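Written out below as structure tokens is the structure these notes cover.
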Amino acid sequence: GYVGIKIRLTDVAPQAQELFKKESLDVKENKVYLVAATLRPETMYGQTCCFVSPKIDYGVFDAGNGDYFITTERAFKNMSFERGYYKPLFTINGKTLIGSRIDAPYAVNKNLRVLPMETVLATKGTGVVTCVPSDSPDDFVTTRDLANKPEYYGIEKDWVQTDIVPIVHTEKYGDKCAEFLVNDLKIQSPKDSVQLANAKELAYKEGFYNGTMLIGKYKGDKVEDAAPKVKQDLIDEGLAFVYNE
Numbered sequence: 003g004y005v006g007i008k009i010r011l012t013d014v015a016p017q018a019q020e021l022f023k024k025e026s027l028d029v030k031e032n033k034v035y036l037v038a039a040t041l042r043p044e045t046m047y048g049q050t051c052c053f054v055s056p057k058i059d060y061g062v063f064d065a066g067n068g069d070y071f072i073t074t075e076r077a078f079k080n081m082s083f084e085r086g087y088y089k090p091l092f093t094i095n096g097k098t099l100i101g102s103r104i105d106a107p108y109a110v111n112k113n114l115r116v117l118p119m120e121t122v123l124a125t126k127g128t129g130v131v132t133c134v135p136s137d138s139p140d141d142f143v144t145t146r147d148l149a150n151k152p153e154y155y156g157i158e159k160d161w162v163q164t165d166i167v168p169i170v171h172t173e174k175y176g177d178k179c180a181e182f183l184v185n186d187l188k189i190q191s192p193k194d195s196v197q198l199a200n201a202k203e204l205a206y207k208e209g210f211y212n213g214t215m216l217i218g219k220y221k222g223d224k225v226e227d228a229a230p231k232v233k234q235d236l237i238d239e240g241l242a243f244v245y246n247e
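Here my numbering is used: the first residue of the sequence shown is 3, the next is one more, and so on.
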């Protein structure tokens, strides 16, 4: 299914502090992670934030050994099966997390934050979405929408990094395939679901089968060869795990 990426919450947004303190959860001693599903572990170098949804109430679940996972009930269920209902420690709306600072595995970009995405599926994945605007058309379009409507989304405009670091070279779409595809397909909105599904498949196929890594341990290797190795490295290093639905 997916790789679940453990994105560490390092500094919680002010609006969330009372909550975390009320529940005796300290993000500096305890390891509290947002668990974001991805199909493309090799793109984790290019994370520029992570996305949660204000439309979702997340559970905070005790995963064991000092680790806590922030995700939907449904996804936590699926992780544990690998009870029928798992009670969280507490629940938290995505809006409450916005602006929190995070450490995302392998990301070269610094000072990452939790940002909103209005199209994140609750019924698919974990409710938390990795953000790699160089290579994910959805991510590129949401990033552009955030920068254009910061008041709507409840963010600082300068939280959106619009200066993208290339991580995969393709001959067909350049070094930032998502930018190329979104401009060339004239995709206007995060809500353009069918168009974005098409762009995503194009990006994934060209990137995976014809891409070359520009960064990390496997720099210069084909994505096709690198990606399972990046996956295994993340898993061995405790930064990720496999998530099936």
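Yeah, the Cβ is synthetic: ideal placement off N, Cα and C, and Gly gets one too.
Spatial neighbours of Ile-58 in its own chain (CB-CB distance under 8 angstroms, excluding positions within 5 residues in sequence) are listed in chain order as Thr-74, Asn-95, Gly-96, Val-122, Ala-124, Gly-129. Shown here, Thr-98 sits in a helix according to DSSP, grouped into three states. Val-232 sits away from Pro-107, with the two beta carbons spaced by 8 angstroms or more. As summarised for the stretch 40-81, the continuous beta strand (DSSP E) elements at least 3 residues long and confined to that stretch are 51-54, 59-66, 69-73, given in chain order. If you compare the alpha carbons of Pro-168, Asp-223, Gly-218 with that of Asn-212, the shortest gap goes to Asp-223. The criterion of a C-beta distance shorter than 8 angstroms is not satisfied by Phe-53 and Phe-63. By the Cβ criterion, the stretch 169-182 is in contact with the stretch 127-141, since at least three pairs of Cβ atoms, one from each stretch, lie closer than 8 angstroms. If you look at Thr-144, you'll find it in the alpha helix (DSSP H) that goes 139-150. Judged by DSSP in its simplified three-state form, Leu-36 adopts strand.
Taking one beta carbon from each stretch, the stretch 16-30 and the stretch 78-88 have fewer than 3 pairs nearer than 8 angstroms; the two do not touch.
For a cut-off of 8 angstroms, the C-beta gap from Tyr-155 to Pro-118 is around 5 angstroms, short enough to register as a contact. Selection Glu-120, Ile-169, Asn-113, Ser-195 evaluated against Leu-11 yields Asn-113 as nearest (Cα-Cα). As summarised for the stretch 204-247, the continuous alpha helix (DSSP H) elements at least 4 residues long and confined to that stretch are 225-238, given in chain order. Residue pairing by DSSP leaves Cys-179 without any beta bridge partner.
Within a 10 Å sphere around the beta-carbon of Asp-227 sit fewer than 16 other beta-carbons, which makes this residue exposed. Nearest Cα to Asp-28 within the set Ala-39, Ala-38, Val-14: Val-14. Looking only at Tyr-4, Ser-102, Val-110, the smallest Cα-Cα distance to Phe-22 is reached by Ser-102. Cα atoms of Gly-68 and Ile-104: separation of roughly 17 angstroms, rounded to the nearest angstrom. Annotated three-state conformation of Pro-118 is strand, per DSSP. Per DSSP, the continuous beta strand (DSSP E) segment holding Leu-11 begins and ends at 4-13. A straight line joining the alpha-carbon of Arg-85 with that of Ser-55 spans about 26 angstroms. A direct Cα-Cα distance of roughly 43 angstroms separates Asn-200 from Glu-31. Assignment of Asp-28 by DSSP, reduced to helix, strand and coil, places it in the coil class.
Residues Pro-139, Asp-140, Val-143, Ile-189, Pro-192 of the same chain have their beta carbon placed closer than 8 angstroms to that of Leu-198, with the five preceding and five following residues left out of the count.
In the three-state reduction of the DSSP assignment, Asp-165 falls in the coil class.
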